[PDB]
């Protein structure tokens, strides 16, 4: 699985194999490895760069505090490292300033639903990741697995179409089924069903991004706290790439990179 994106300067970047996107959360309230200051975030960035990350995803999600956290990190990373920078936000103002500070792409868990977001991404000309997120509160397990998958695909296609209409280029759109529980509105079996059926998303023609890293589904199946979820998480990434995923979002860059290389070879014989 190879793919490309067109950056905001119309420069084409080609990935010869699935990309690894390392996570740097600067929100003290994150479930895993919150970064409370700039120095600690930069220590993580350096490790991830050493471990071979392709992209670093910086998130800190009330707008000014988000900016005070994100901007210093993006600036420092842009200054020090050659990695592509993704900003994980749903706020148009954050997108604008993040990109002005050096972010190359926008990762939106809300798929540009927040007013002004769509036009903002079109105006910035950056690649964007559209993650599937419930219209509103969904009851997990309330439909068959098949019909749930149908709705996720349908809604992602609608998001893609909104992007194209707003003038976002086809080579700037990444999609993500939005793996997780809690407000991601899925139970464990639904998450695994979407993973099993990932080729149906891949067949939509855009690069697919997948993030299982240390999440509750692994915790539930293994009965392990987040710190003990490494091996289970690696397994999900392997399966995601085996099924055609283009980008893996992870807290564990080296382990993911090595594991998915095996998935790629298995898939590519």
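Numbering follows the first chain given and starts at 1.
Unmodelled deposited residues between residue 61 and residue 62: 10 or more, per the record.
For the segment pair 69 to 77 and 125 to 133, the entry gives 69 to 77 the higher mean B-factor, averaged over Cα atoms.
Checked against the record, the higher mean CA B factor of 251 to 259 and 8 to 16 lies with 8 to 16. Out of 27, 210, 233, 228, it is 27 whose C-alpha atom has the highest B-factor in the PDB entry. In this structure the maximum Cα B-factor among 96, 145, 138, 172 is found at 138.
Placement of the Cα temperature factor of residue 198 within the chain: lowest third of the modelled residues, per the deposited record. In the PDB entry, residue 219 places in the middle third of its chain by CA B-factor. Sorting the modelled residues of the chain by their CA temperature factor places residue 204 in the middle third. In the PDB entry, a CA B factor belonging to the highest third of its chain's modelled residues is recorded for residue 113. In the PDB entry, residue 159 places in the middle third of its chain by CA B-factor.
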